[PDB]
Amino acid sequence: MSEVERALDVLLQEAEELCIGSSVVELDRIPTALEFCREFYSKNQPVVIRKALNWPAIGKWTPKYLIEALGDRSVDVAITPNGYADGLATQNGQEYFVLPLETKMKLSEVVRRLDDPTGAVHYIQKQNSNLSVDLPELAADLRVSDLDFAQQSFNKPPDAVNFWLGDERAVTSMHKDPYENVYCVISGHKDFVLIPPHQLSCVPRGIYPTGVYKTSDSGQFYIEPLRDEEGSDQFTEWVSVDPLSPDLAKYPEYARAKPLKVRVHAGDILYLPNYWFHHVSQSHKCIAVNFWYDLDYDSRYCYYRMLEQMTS
Amino acid sequence: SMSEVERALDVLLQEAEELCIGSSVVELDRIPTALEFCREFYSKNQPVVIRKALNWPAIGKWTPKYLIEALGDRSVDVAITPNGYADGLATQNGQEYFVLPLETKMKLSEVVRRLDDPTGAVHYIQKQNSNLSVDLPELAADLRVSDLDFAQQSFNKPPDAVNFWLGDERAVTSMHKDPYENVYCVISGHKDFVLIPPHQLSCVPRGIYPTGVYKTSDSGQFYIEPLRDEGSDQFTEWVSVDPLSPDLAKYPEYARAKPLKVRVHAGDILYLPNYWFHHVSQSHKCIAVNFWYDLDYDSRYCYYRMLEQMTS
Ligand SMILES: O=C(O)CNC(=O)C(=O)O
Ligand SMILES: O=C(O)CNC(=O)C(=O)O
Ligand SMILES: [Mn+2]
Ligand SMILES: [Mn+2]
């Protein structure tokens, strides 16, 4: 082994022996603020809390209710042919990281498209705090103070509050965010696959030309490459593995990853700590809200940047 | 120019330098809540000094005379060196050794007598190993350890050691690190710490030195005796640099270190987080007590083990 390979081996053997990030802790009761800070926030350690929330949104938010309550408002929706907004797709021999087609439409039309299992895949996943900016009325059916047990660790209000409503075919491919994430399913369920950041060396990442989905004259989807004004492809680094069906022959390093699986039901809270890898699937027409808080930087981020350099 | 390992260490250090990780000892004027301590200091591996935090009876009462009277002029373990560097590097006959102190037992009144001799050998009650709870139990009555609950609730375990320190100004503790969270309480005088964060390991030169112990001859003159396993000469890894006057020509990598200086007065508390390098000096006949808690292994330990592998 190289000296870098020897060092990465040491990291992984130590983390394995000490069970770092080796499970998703399951709680049936909301912990105290101190508990959360000590056992989950400070260890960068995920946790799922079952039936933690009894917000009126839970049990009342349906497509019909939302159409009524919002007056069939026009909302931002992402559309893909293949179900992978912000995900890899191939065209004419080339693999692209592809951004969704984004458009505006009335909620009733979104619901109609969600009821077509062979049509294009629709997903209200704009995030960018779309709930507080675009759907503020929904806030009245939530109680954010119920998240104080976690927010005390972040010691600031959410930097974003997001609303998600999607087709079962809409899959969020694996990525990491520079946020603490408190994830609250409202209706249906979400299936998460999670990988700890210290396993970066087991997760293959490529550099892909970036494209965006567009529709042709005939309504057919294609990928429009993004180029800069110099004619160069705009590149995006992206996780290359499919956690649902990994090709261990192409990516043997992934064999050493220990992906964690967790289903999150209505009323459950998942704490997804900063820089954790996650891939997300959903039940059909699943509804969820989530709260992003900017991370607080310490040495772990610098070690992560070192890990990136070592695997480059 | 640079190896792969050296490029990776450079990225680590550049990211830590831009974020100023561990760039200052935090100054508080009052004891934080447990949640605050866990969020701002424990979880960040971040040193903090709390000014005039403690009013323990000891701070008023512990003089040499009171200590003699209270311990019945007990015979105590005391460490003696000629140069003031117990557990520190010294040269003899052209060879550089890491030297352990001459350890002996003598009555406290005699120790104090020898502290008052500015030209005599350097004495230091530095046994650690929880010498206060073990060898000087009565002194506990002048303490209020409950006042440290703000920190202990974050370590969520009782102290693993309680140590008592009383030293000559000449007695200096050379730079080292400990696998313990350290809550350090100055009772009389002041301590001067030089602190270096663990992610700067590659900036701190470390060597392998033959191990020796101080002894005195029939004539009273000090010398170093090599230590041998009951076998070969024994060796120890030790920090090579003198942070008070570093030889940057011999150790240019130390120029990239960013040491912190903090003075801890009577009544003050210093949180010295696990694995931080520290060098410690004291006012004359300084008295201190500290508490060690075994560390909880997290990802930072795994990263640090990897860093040790890369720095060898
Ligand atoms: O809900 C999804 O499909 C994906 N969500 C996220 O990546 C997130 O909350 O960070
Ligand atoms: O006080 C001293 O001289 C040295 N103390 C320590 O190294 C410590 O408390 O861990
Ligand atoms: Mn995400
Ligand atoms: Mn120490």
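Going from the start of the chain as shown, residues are counted 1 onward.
Every residue gets a Cβ built from N, Cα and C, even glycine.
What Swiss-Prot lists as 2-oxoglutarate binding site is B:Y124, B:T173, B:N182, B:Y184, B:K191, B:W292, and the listing cites experimental evidence. Long-range Cβ neighbours of B:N182 (2-oxoglutarate binding site) (same chain, at least 6 residues apart, Cβ-Cβ under 8 Å): B:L270, B:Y271, B:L272, B:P273, B:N274, B:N290, B:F291, B:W292, B:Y293.
The succinate binding site feature in Swiss-Prot is assigned to B:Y124, B:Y184, B:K191; the stated evidence is experimental evidence. Its Cβ placed at the centre, B:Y124 (2-oxoglutarate binding site) has 24 other Cβ atoms within 10 Å. In this structure, B:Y124 (2-oxoglutarate binding site) is part of a beta strand by DSSP.
The Cβ of B:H176 (Fe cation binding site) has 13 other Cβ atoms within 10 Å, all protein chains considered. Sequence annotations record features per position, and here Swiss-Prot assigns Fe cation binding site to B:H176, B:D178, B:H278.
Applying an 8 A CB threshold to same-chain residues 6 or more apart, the list for B:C20 (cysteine sulfenic acid (-SOH)) is empty. Residues or ranges marked as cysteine sulfenic acid (-SOH) by Swiss-Prot on the basis of a large-scale study or a structure entry: B:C20.
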Neighbouring C-beta atoms (10 Å sphere around the C-beta of B:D178 (Fe cation binding site)): 16
Other residues, Cβ within 8 Å of B:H176, B:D178, B:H278 Cβ centroid (Fe cation site): B:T173, B:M175, B:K177, B:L272, B:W276, B:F277
Cα-Cα distance linking B:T173 (2-oxoglutarate binding site) and B:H278 (Fe cation binding site), given in Å to the nearest integer: 9
Neighbour count (Cβ, 10 Å) for B:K191 (2-oxoglutarate binding site): 23
Those recorded positions in B:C20, B:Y124, B:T173, B:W292 whose CB falls under 6 A of ligand 2, listed in sequence order: B:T173
